[PDB]
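Participant:
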Amino acid sequence: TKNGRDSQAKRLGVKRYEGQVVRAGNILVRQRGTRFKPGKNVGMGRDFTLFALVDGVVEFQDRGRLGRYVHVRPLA
Amino acid sequence: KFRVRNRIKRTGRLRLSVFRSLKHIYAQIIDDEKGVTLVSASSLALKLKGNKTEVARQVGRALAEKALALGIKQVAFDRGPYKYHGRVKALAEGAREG
Amino acid sequence: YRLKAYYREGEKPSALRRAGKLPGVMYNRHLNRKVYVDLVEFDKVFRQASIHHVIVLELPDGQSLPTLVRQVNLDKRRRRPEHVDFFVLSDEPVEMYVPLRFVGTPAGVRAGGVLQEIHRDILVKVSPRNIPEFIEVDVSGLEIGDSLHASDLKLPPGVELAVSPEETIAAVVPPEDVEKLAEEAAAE
Amino acid sequence: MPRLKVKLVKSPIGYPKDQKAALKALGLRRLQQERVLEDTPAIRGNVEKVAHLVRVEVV
Amino acid sequence: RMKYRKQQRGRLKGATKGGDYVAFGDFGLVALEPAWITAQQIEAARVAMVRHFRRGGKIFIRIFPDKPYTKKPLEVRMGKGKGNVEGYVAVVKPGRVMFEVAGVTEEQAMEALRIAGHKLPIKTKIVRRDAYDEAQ
RNA sequence: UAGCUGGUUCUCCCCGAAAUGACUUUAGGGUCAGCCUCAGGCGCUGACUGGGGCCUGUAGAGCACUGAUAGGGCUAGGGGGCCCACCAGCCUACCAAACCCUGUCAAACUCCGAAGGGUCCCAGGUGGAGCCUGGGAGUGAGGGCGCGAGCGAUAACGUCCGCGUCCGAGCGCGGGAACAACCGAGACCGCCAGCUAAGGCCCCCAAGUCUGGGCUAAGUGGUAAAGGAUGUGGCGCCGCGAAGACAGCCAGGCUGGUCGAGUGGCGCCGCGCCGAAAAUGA
RNA sequence: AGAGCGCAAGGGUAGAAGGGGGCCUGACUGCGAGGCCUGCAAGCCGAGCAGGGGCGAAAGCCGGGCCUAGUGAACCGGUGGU
RNA sequence: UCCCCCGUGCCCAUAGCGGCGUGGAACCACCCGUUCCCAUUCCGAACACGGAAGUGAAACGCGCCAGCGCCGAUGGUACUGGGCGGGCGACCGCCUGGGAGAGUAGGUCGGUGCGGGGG
Ligand SMILES: [Mg+2]
Ligand SMILES: [Mg+2]
Ligand SMILES: [Mg+2]
Ligand SMILES: [Mg+2]
Ligand SMILES: [Mg+2]
Ligand SMILES: [Mg+2]
Ligand SMILES: [Mg+2]
Ligand SMILES: [Mg+2]
Ligand SMILES: [Mg+2]
Ligand SMILES: [Mg+2]
Ligand SMILES: [Mg+2]
Ligand SMILES: [Mg+2]
Ligand SMILES: [Mg+2]
Ligand SMILES: [Mg+2]
Ligand SMILES: [Mg+2]
Ligand SMILES: [Mg+2]
Ligand SMILES: [Mg+2]
Ligand SMILES: [Mg+2]
Ligand SMILES: [Mg+2]
Ligand SMILES: [Mg+2]
Ligand SMILES: [Mg+2]
Ligand SMILES: [Mg+2]
Ligand SMILES: [Mg+2]
Ligand SMILES: [Mg+2]
Ligand SMILES: [Mg+2]
Ligand SMILES: [Mg+2]
Ligand SMILES: [Mg+2]
Ligand SMILES: [Mg+2]
Ligand SMILES: [Mg+2]
Ligand SMILES: [Mg+2]
Ligand SMILES: [Mg+2]
Ligand SMILES: [Mg+2]
Ligand SMILES: [Mg+2]
Ligand SMILES: [Mg+2]
Ligand SMILES: [Mg+2]
Ligand SMILES: [Mg+2]
Ligand SMILES: [Mg+2]
Ligand SMILES: [Mg+2]
Ligand SMILES: [Mg+2]
Ligand SMILES: [Mg+2]
Ligand SMILES: [Mg+2]
Ligand SMILES: [Mg+2]
Ligand SMILES: [Mg+2]
Ligand SMILES: [Mg+2]
Ligand SMILES: [Mg+2]
Ligand SMILES: [Mg+2]
Ligand SMILES: [Mg+2]
Ligand SMILES: [Mg+2]
Ligand SMILES: [Mg+2]
Ligand SMILES: [Mg+2]
Ligand SMILES: [Mg+2]
Ligand SMILES: [Mg+2]
Ligand SMILES: [Mg+2]
Ligand SMILES: [Mg+2]
Ligand SMILES: [Mg+2]
Ligand SMILES: [Mg+2]
Ligand SMILES: [Mg+2]
Ligand SMILES: [Mg+2]
Ligand SMILES: [Mg+2]
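In order, the protein sequence lines correspond to chains BW, BO, BV, BZ and BM.
Just so we're on the same page, the entry's author numbering is the position in the first sequence counted from 1, plus 9.
Just so we're on the same page, the entry's author numbering is the position in the second sequence counted from 1, plus 10.
Just so we're on the same page, the entry's author numbering is the position in the third sequence counted from 1, plus 2.
Position 59 (the fourth sequence) corresponds to 59 in the entry's author numbering; numbering is contiguous.
Just so we're on the same page, the entry's author numbering is the position in the fifth sequence counted from 1, plus 5.
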């Protein structure tokens with residue numbers, strides 16, 4: 010045939026879940042676009058990687074129209 | 011439009027929402043992340059005369075004097091739907107004057 | 003028509019059916035209650051009954067109820083009724099599929115042709131007093147090639163058609179035979 | 001939470017790995033073996049999973 | 006037709022969606038067993054129908070072969086099947102209503118439909134219309 | 001030289017695999033990881049479970065997208081007939097875009113969407129649990145069964161993955177006639193004790209020729225289909241019937257009588273019948 | 001939002017990542033808390049610190065391009081430098 | 001406290017689409033004009049400044065209808081962790097805990113913050 014070809018698995022998804030402590034920089038979610046959005050103490054980078062901006066717990070916001078966000082609710 | 015507002019809010023704190031009517035020029039200093047305004051140095055529907063630019067500058071010193079007596083200092087400026095240039099301009103401009 | 007209802011609570015919906023009682027439910031803007039007619043009976047009732055004529059339903063509450071079958075879930079795999087929706091009427095206008103009796107033999111069917119009958123019934127907004135045991139259809143001037151729509155109905159007094167005013171009701175399609183066993187063979 | 005008296009009556013040789021761990025969690029080693037435990041949700045949780053293996057009794 | 010080339014086999018689960026109610030003509034023919042029915046099978050019945058009752062009513066065929074059916078050519082294992090020898094089939098679960106006639110007598114249809122189920126590779130029952138629908 | 005084949009010797013005790021991933025002039029060889037074991041650490045963290053949050057796009061469903069599709073409608077385009085170039089007009093059981101309606105299909109479609117699964121928190125869980133650093137490994141041909149898919153032919157004791165399991169290493173014990181992996185059950189030693197498991201309780205063969213209610217007359221059971229049939233029993237509905245029916249018998253072309261009580265057809269369930277030809281003796 | 005987003009497909013997307021403008025070269029140097037991913041080697045994301053800059057009034061944004069391909073250990077050697 | 005307006009966030013269509021109505025005192029819009037600041041690949045359409053008079057027509061604000069849209073049970077089923085049963089097989093069935101989609105009933109022309117002007 011002319012098939013049987015493919016690209017190695019990219020292991021993407023939500024890396025931290027709601028209610029996990031995390032340090033600064035922790036990748037929070039790896040993603041195909043903005044399947045999720047940044048938000049509170051949560052930056053994002055070239056690939057759309059979301060990541061903690063300060064240690065603290067993670068939470069997930071649904072906002073319909075506006076899309077889904079992820080934040081760290083800091084504390085120490 | 012209002013793209014700007016999104017860009018500002020991201021920064022963190024202390025938006026100065028400069029609204030401006032054809033005869034007026036209000037101005038809130040809104041602390042988002044709770045949905046409350048801190049100071050509210052309006053203008054035409056407040057007290058001051060009728061000359062616009064000189065009015066804006068005067069209402070600039072409005073929020074100014076009103077602010078420090080509370081704590082504010084982050085110039086964080088909602089250059090609202092109106093492009094910063096004149097009335098809006100002078101506004102924050104006076105808020106800087108003191 | 004009339005059929006003896008019963009009340010239902012905890013009983014295993016499935017264990018019921020083995021007994022013979024087709025479970026169901028009566029509900030309307032104010033009412034919603036678990037029940038279960040009897041199957042052998044519901045058959046006979048609903049055979050003629052269906053969802054045109056109303057059925058008043060008797061509970062051991064004596065209460066005669068002014069309802070008709072809103073919908074019935076049939077079980078796939080050899081037809082049978084699963085359970086029954088019973089819309090309690092009151093008096094305010096209510097929508098419902100009222101029949102259609104197509105009367106007369108059209109120009110089509112005569113010169114060979116076929117009774118195509120898109121809607122063997124139609125949905126109309128109406129109050130319970132008007133249970134128009136049917137509607138007439140002047141199907142007779144119809145020809146193979148022609149079709150009577152919705153905007154062409156003998157509407158009884160006080161009744162308003164709920165469907166789109168342009169839906170087709172029936173039509174007259176050609177027969178079908180061997181001028182299409184030769185031609186349908188090689189040509190394709 | 002009265003006592004639960006679980007006995008093992010059907011052998012686990014051939015049930016899922018978990019189900020064996022279940023019995024290890026409850027503390028059943030051998031067959032036809034008695035074992036009494038507090039009716040907490042956790043004990044229940046496992047005792048349920050091996051339901052087809054044990055015979056429970058309330059004590 | 007269209008779409009793309011060849012397609013998995015899949016299984017034939019419970020009779021689920023596979024089934025319903027007469028929905029045009031007077032009488033119906035319904036599937037008891039699950040099956041891939043071939044176009045050459047449909048069409049085989051279709052004709053057997055009319056050819057039986059000439060200048061006849063209207064036969065509605067409500068099953069349709071969108072499944073392309075592969076088949077390697079007497080060799081061994083290299084790649085997917087050339088396929089398509091039996092071309093296409095219709096996935097048909099227990100209870101599906103394949104054909105129904107209209108414009109006919111009870112004994113016209115009780116025949117036509119009878120013959121057809123013969124042409125089919127499956128066990129089938131014939132149907133009326135009782136009342137069973139959805140309305141009020 | 002031999003990445004190959006063969007052979008490798010006393011005893012008892014504890015634990016106990018793998019036949020997978022990655023790379024490999026690699027594919028029956030290896031290196032690191034995975035799984036086994038030993039020593040020194042740490043100490044409730046371990047599998048499994050309860051509650052709690054988050055994350056998901058399958059089964060199912062659905063047609064809102066991408067496409068597919070049968071019938072009909074309305075409806076541009078085309079082909080054909082009237083008419084003639086003042087080009088338009090009109091018809092059209094012809095093919096048919098878009099559109100609507102009824103009806104549907106899809107691994108690479110989804111407006112939806114389960115059970116479940118993953119993870120973190122709190123809790124139970126002291127187990128041949130768990131983590132950490134080290135010594136020694138073998139394994140890197142697996143197979144079958146169940147479930148979910150691909151391939152295949154919805155063939156193969158086929159093949160290729162996934163979850164699980166057993167054989168592997170439990171060809172130790174019971175059952176299944178016999179039989180690695182189906183059913184039961186994890187064999188430390190001994191007993192001329194007892195309860196059981198699966199499976200059985202007429203004889204070979206241990207234990208009921210046990211009790212009660214049915215069904216079947218084929219040796220069915222003792223294991224083959226589409227389809228066929230006044231098998232048999234059980235239930236449901238329609239047609240004529242004591243105003244005389246069905247069956248025959250007398251007369252005429254349904255009618256009459258006579259007889260005198262049921263008769264004809266459909267439908268569903270149980271058990272059965274046919275379809276049913278192979279080579280050493282059943 | 002079915003377009004566009006250089007190119008495949010996909011996920012994302014106008015409350016722009018798309019079209020047009022004005023000024024510009026951060027297609028920076030020195031680094032790098034902390035993670036994703038993973039046998040190894042490799043690949044990936046990245047706040048922030050310093051230096052000196054760019055656009056902006058400013059909050060701020062810039063360590064190339066909506067993202068995910070556009071590649072090659074080590075040896076040996078070429079050129080330029082401290 | 002209450003009522004209307006103005007700026008602005010939160011819920012994410014039960015806010016919306018479309019239709020009738022209404023408010024100009026205030027507030028806001030449209031509005032007068034293009035000299036100044038400032039502006040268009042052409043235009044004072046848009047941005048911008050200075051501002052009589054006029055207007056609520058457009059816009060927007062508030063209401064009122066349910067045609068579209070959107071939300072949408074309950075009951076039942078599909079499916080299905082776990083546990084099983086029959087049959088010779090594609091498959092079919094029960095126990096147990098979970099349980100849709102679609103469809104009916106139905107709802108819906110919003111809910112609510114903080115601040116400001118006005119009775
Ligand atoms: Mg591959
Ligand atoms: Mg960055
Ligand atoms: Mg980028
Ligand atoms: Mg960058
Ligand atoms: Mg708020
Ligand atoms: Mg015509
Ligand atoms: Mg309606
Ligand atoms: Mg077993
Ligand atoms: Mg324990
Ligand atoms: Mg057949
Ligand atoms: Mg051991
Ligand atoms: Mg080989
Ligand atoms: Mg070798
Ligand atoms: Mg843990
Ligand atoms: Mg549709
Ligand atoms: Mg047509
Ligand atoms: Mg047509
Ligand atoms: Mg001609
Ligand atoms: Mg179309
Ligand atoms: Mg839904
Ligand atoms: Mg669950
Ligand atoms: Mg769960
Ligand atoms: Mg201990
Ligand atoms: Mg190897
Ligand atoms: Mg096989
Ligand atoms: Mg085998
Ligand atoms: Mg073992
Ligand atoms: Mg004996
Ligand atoms: Mg006996
Ligand atoms: Mg006896
Ligand atoms: Mg018998
Ligand atoms: Mg037959
Ligand atoms: Mg048979
Ligand atoms: Mg018979
Ligand atoms: Mg029946
Ligand atoms: Mg530029
Ligand atoms: Mg690092
Ligand atoms: Mg790092
Ligand atoms: Mg940085
Ligand atoms: Mg700097
Ligand atoms: Mg400097
Ligand atoms: Mg940026
Ligand atoms: Mg760009
Ligand atoms: Mg070398
Ligand atoms: Mg070299
Ligand atoms: Mg060179
Ligand atoms: Mg108006
Ligand atoms: Mg008015
Ligand atoms: Mg006025
Ligand atoms: Mg000038
Ligand atoms: Mg108006
Ligand atoms: Mg109101
Ligand atoms: Mg909707
Ligand atoms: Mg809806
Ligand atoms: Mg629902
Ligand atoms: Mg629903
Ligand atoms: Mg508000
Ligand atoms: Mg509001
Ligand atoms: Mg007053």
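Here a beta-carbon is modelled for each residue, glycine too, at the ideal position from N, C-alpha and C.
1) From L18/BV to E119/BV, what does the alpha carbon distance come to, in whole angstroms?
2) Does the pairing of the segment 93-105 of chain BM with the segment 20-36 of chain BM give three or more beta-carbon distances under 8 angstroms?
3) Could you give the uninterrupted runs of the alpha helix (DSSP H) lying entirely in the segment 19-52 of chain BZ, keeping only those of 4 residues or more?
4) In the DSSP assignment, what residue or residues form a beta bridge with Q73/BV?
5) So the beta strand (DSSP E) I42/BM belongs to, where does it begin and stop?
6) Using beta carbons (cut-off 9 angstroms, strictly below), is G62/BM in contact with chain BV?
7) Which chain BM residues sit within Cβ distance under 8 angstroms of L117/BV?
8) In or out: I42/BM buried (at least 16 other Cβ within 10 Å) or exposed?
9) What distance in whole Å lies between the Cβ atoms of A184/BV and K127/BV, which are believed to be in contact at a cut-off of 8 angstroms?
10) State the DSSP-derived secondary structure class of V180/BV, mapped to helix, strand or coil.
11) Interface residues of chain BV around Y26/BM at Cβ under 9 angstroms?
12) Using 8 angstroms as the cut-off, classify the Cβ of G45/BO as near or not near the heavy atoms of ligand 5, replying yes or no.
13) When you compare each of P78/BM, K76/BM, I47/BM to residue 202/BM by their alpha carbons, which one comes out closest?
14) With DSSP as the reference, label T21/BO as helix, strand or coil.
15) Is it the case that the CB of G100/BM approaches a heavy atom of ligand 32 more closely than 8 angstroms?
16) Can you give me the start and stop residues for the alpha helix (DSSP H) that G122/BM sits inside?
17) Is the beta carbon of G33/BM within less than 8 angstroms of some heavy atom of ligand 32?
18) Using a Cβ-Cβ distance under 9 angstroms, would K182/BV count as near chain BM?
19) Just verifying my parser: in three-state terms, what is the DSSP assignment at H95/BO?
20) Alpha carbon to alpha carbon, how far is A51/BZ from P41/BZ? Give it in angstroms, no decimals.
21) Looking only at DSSP bridge pairs, what is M98/BV linked to?
22) State yes or no: is the C-beta of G65/BW within less than 9 angstroms of the C-beta of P47/BW?
23) Touch check for the segment 8-21 of chain BZ and the segment 80-92 of chain BM: three-plus C-beta pairs under 8 angstroms?
24) Apart from the five residues on each side of it in sequence, which residues of its chain come closer than 7 angstroms, Cβ to Cβ, to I35/BO?
25) List, in chain order, every chain BV residue whose beta-carbon is nearer than 8 angstroms to that of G23/BM.
26) Below 8 angstroms, how does it come out for the segment 167-181 of chain BV and the segment 54-62 of chain BM: are there three or more Cβ pairs, yes or no?
27) Expressed to the nearest angstrom, what Euclidean distance is found between the alpha-carbon atoms of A21/BZ and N46/BZ?
Facilitator: If we stick to the structure as given:
1) 38 angstroms
2) yes
3) 41-49
4) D87/BV
5) 40-43
6) yes
7) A107, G108
8) buried
9) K127/BV to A184/BV, Cβ: 50 angstroms. No contact.
10) helix
11) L76, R81
12) yes
13) The shown model of chain BM, from 6 to 141, leaves out residue 202/BM, and the question about it has no answer.
14) helix
15) no
16) 111-124
17) no
18) yes
19) coil
20) 15 angstroms
21) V126/BV
22) no
23) no
24) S53, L54, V65, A66, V69, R97, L101
25) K78
26) yes
27) 9 angstroms
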